[PDB]
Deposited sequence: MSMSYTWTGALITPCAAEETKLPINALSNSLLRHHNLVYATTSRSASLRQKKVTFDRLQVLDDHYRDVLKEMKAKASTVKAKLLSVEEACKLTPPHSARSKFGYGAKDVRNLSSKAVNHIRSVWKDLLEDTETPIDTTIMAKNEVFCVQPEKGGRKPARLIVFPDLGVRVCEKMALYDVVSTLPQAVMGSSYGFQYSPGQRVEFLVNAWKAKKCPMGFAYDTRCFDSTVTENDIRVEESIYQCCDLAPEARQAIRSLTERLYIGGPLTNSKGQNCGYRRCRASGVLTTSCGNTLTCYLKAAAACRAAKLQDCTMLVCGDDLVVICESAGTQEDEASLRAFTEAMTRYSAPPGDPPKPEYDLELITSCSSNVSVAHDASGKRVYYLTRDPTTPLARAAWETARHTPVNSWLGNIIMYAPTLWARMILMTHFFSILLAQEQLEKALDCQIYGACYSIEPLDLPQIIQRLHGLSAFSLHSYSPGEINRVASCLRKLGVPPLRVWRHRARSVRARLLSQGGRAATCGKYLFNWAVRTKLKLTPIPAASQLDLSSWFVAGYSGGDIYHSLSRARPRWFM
């Protein structure tokens, strides 16, 4: 069936992406899906369903569901917002209760969704390729989104780990992700790895995929109202429905994955895992270890020789294409783990204070830096820079640029103690910058504060990126960090800890860094989300 049908009504508005590029995105995401399933697919599905059979899921109350709403979640077309939802205002609660009643009473009627162009910031790259068109966001009304949480919040936050075990990427800190990847690479006699890029994953998700996904959820022990809501949400919302623009006009019809529903992340992970695990069998890949984050997939296996590995990747791709997951860029076998990019990241090596070889996740800093510059220039509720400092804390660029830059601004504005909103792959947090040392030690290890002897390629990538962007060189950042370190230490308390742990790299006469006294429960900085709510 067609992933999308359009009426002609434009995707109207509410470098940076706008509605002016939506037309180009529509062309890319609009195609017919031809899915052919086989025994391997059926076999993996039964195996996944047998694991889901062990899960018991709770049905959340309206209030518990309200308390999980992102503070910045899009407003309801029925006179209430995320603030009203989080405060349990009578208008919000009463409207949500009537939505819930309709989900239990009406099993067929498609639920309306809003189609919108995403405003994302990317960097002005005129060399190998041009600009990117805006992504398309599809979401139901706020009321429906609170109802999804009642029926499925417990499912989506318990089922994936039960079904996929160690293959489920979202259960990991960046430190645990590198450990998993390195351990899996070390455990192969002759390792080979590859990342699989699916072209427009959301668009490739068929009605059958969404029904197979529901067949997995149905395996949980569920409250009857939860069982009916999952059934009603599958037919009325998840499989597809009408698209309405910002001006309230009939835009078209969706028959694929909506990006803004609670099950997007869980569903894409399950669907990606199922197709990939079945494709590994069809390709006859030996001893696979997979890691799945939504549509993002890495496979690590035993090499069967250079030519044989090229042929097995073609068979993997053939199988994925049959399952309705065609490639964007054709996968390539890699025989060095650093060369694989997964979750926009790659493993690199450095050394800690003791001289020990340590592995960490890094990426091209262009996008993180350009996004941080934009945030410095304009008022933004979500601070991608804080997310980036937290997730890439061991990197040369997050340590020397982002940490130095933001701690200097925060010291100057007297805002070190001010809690900031932070979104990481749909999990919302509220973090005071003064608490960053303890968080970094939990997420990455004590070594994140003493990494040095970075790879030359990595050093060159940061240095070339700064030149390209007009950012002062690393020498300027070292000077600037010595200043910030001095003003932080002079303050004592948490500010001194920041100075000590975060900026030890900037000094010639380094301090010996021991485990932090305040280290640890992360879901304490938790406020809303876990890959679902707006």
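- Positions of the deposited sequence absent from the coordinates, in order: 1, 16-38, 544-545, 561-574.
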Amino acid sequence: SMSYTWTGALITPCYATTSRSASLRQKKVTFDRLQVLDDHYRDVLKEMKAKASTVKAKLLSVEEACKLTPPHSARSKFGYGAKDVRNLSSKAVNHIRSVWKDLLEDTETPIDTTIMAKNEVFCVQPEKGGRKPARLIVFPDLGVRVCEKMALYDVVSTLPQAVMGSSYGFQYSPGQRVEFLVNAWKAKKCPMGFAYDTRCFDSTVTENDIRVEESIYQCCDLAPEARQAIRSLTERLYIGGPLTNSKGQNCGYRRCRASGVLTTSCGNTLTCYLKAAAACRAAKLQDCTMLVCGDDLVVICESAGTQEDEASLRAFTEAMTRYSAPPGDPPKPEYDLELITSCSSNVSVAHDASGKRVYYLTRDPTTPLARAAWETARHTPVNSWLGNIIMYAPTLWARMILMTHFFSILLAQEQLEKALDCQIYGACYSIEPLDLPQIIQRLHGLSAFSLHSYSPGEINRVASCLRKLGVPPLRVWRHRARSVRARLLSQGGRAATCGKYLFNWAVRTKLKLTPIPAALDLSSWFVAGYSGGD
From here on, numbers count along this sequence of modelled residues.
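Superpose the two forms; the largest set of C-alphas matching within 1.5 Å is the rigid core.
- Structural divergence in 8 other deposited structures of this protein between 289-297 and 68-76: following superposition by the core, 68-76 has C-alpha atoms lying farther from the shown form.
- Averaged over structures and residues, the CA distance from the shown form in 8 other deposited structures of this protein after a core fit is larger for 347-355, of the two stretches 256-264 and 347-355.
- For the pair 143-151 and 74-82, the record assigns the higher mean C-alpha temperature factor to 74-82.
- The deposited model assigns a higher average Cα B-factor to 247-255 than to the other stretch when 410-418 and 247-255 are compared.
- For the set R322, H379, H351, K186, the PDB entry assigns the largest Cα B-factor to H379.
- When the C-alpha B-factors of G387, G165, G130, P333 are read from the PDB record, the largest value belongs to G130.
- Annotation for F122: C-alpha temperature factor in the highest third relative to the rest of the modelled chain, per the entry.
- Annotation for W374: C-alpha temperature factor in the highest third relative to the rest of the modelled chain, per the entry.
- Ranked against the other modelled residues of its chain, the C-alpha B-factor of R236 as given in the entry falls in the lowest third.
- Ranked against the other modelled residues of its chain, the C-alpha B-factor of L488 as given in the entry falls in the lowest third.
- Ranked by Cα temperature factor within the chain, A427 sits in the middle third according to the deposited record.
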